[PDB]
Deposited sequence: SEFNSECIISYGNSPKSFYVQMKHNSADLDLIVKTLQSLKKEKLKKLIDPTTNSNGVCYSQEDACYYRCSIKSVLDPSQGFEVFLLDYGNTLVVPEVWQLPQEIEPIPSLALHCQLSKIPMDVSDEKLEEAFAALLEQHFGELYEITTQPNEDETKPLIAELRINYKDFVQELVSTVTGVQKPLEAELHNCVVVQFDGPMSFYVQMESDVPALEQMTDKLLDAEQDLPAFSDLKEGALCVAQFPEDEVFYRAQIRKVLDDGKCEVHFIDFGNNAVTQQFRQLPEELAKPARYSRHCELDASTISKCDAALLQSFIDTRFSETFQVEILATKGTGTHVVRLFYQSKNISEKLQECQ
């Protein structure tokens, strides 16, 4: 299963059936694609049958893809195939063999279905809204949590979250005209590390449970985690924090001389240097970070005295604030609007903050 993992929707008409690709596999897909641009060579499947997996060419996309025969048709027209790493379905005239490089990698497209779908809705409607929302986003990353399903012939049961909003909520909204509680645009959180309006960190109250769990699983499996050696730059792993003497998910920021490095705790959004390093299980590498990097929208940064701001936040370091997300930069940081007890920070500040 996947838990709060970052992904994208490769294919999908309705919320009752769609395909997702994990960012935590972007590495392998990158391989397939490239190691797939390798005409002269070829083959013909093992007496092509159902479930057989070979390759196929797309006139439309003008390229190859890892295939899978869904239906063997009259020779007049090839086969009905399922694109393994996308979820698409084409009718290719001819297949081939699976180059013994790629042959081991499993299909990278997860077949999902929203956990809750709006009762009493025509699919012409559902699919329209669905299609609308996917377009209403694109480029950005979704966050998914799955769980297998009873019927093995059905898609995985998934919960999608885009920009801290429940996908079905946005769905129901789009499907009914119905506008939406502006309160939905705000999200409770705490500022775990403030060092300027262009850069601070917060934890979403909605992620607190997940964070705790992660904190457990680590502690438990802590004792028996191998040592981390390849101290490259930006390499993930667990790493002990001095003042704490605990192991957290971290990323190497600056490799120092010694077996010492500066790491950034991606779950608590703070840095420190440590001697300890241990491998991070893939299981605990799927979930997105739990600390969120932020910067205020320009209008706010403008209307505010960098001075008071720092102070105010210091005084209430453990208090809950709320953030409205305006955009996510490429790096992964959010441009946000900050609020205190629902009043805009820039307003709260002017009148004895």
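- Taking the first deposited residue as 1, the sole stretch without any C-alpha atom is 39-40.
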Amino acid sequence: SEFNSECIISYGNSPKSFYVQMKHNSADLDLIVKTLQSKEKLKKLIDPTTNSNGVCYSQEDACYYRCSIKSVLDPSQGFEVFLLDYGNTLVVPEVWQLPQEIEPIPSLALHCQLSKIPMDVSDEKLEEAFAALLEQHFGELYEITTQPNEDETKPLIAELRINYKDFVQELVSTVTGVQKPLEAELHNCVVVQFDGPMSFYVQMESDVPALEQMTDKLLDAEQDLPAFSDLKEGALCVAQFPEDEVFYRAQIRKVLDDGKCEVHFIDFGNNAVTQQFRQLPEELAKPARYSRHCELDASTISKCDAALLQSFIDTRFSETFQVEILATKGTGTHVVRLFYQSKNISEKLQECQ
From here on, numbers count along this sequence of modelled residues.
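- Across the two stretches, 211-219 and 273-281, the PDB entry reports the greater mean Cα temperature factor for 273-281.
- Of the two segments, 318-326 and 45-53, the one listed with the higher mean B-factor is 45-53 (C-alpha atoms only).
- The entry lists C-alpha B-factors for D244, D166, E185, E205, and the highest of these is at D244.
- Within the group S199, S229, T176, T145, the record's highest C-alpha temperature factor is found at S229.
- Sort the chain's modelled residues by C-alpha temperature factor and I8 lands in the lowest third, per the entry.
- Among the modelled residues of its chain, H293 has a C-alpha B-factor that falls in the lowest third according to the deposited record.
- In the PDB entry, a CA B factor belonging to the lowest third of its chain's modelled residues is recorded for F130.
- Sorting the modelled residues of the chain by their CA temperature factor places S311 in the middle third.
- When the modelled residues of the chain are ordered by C-alpha B-factor, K286 sits in the middle third.
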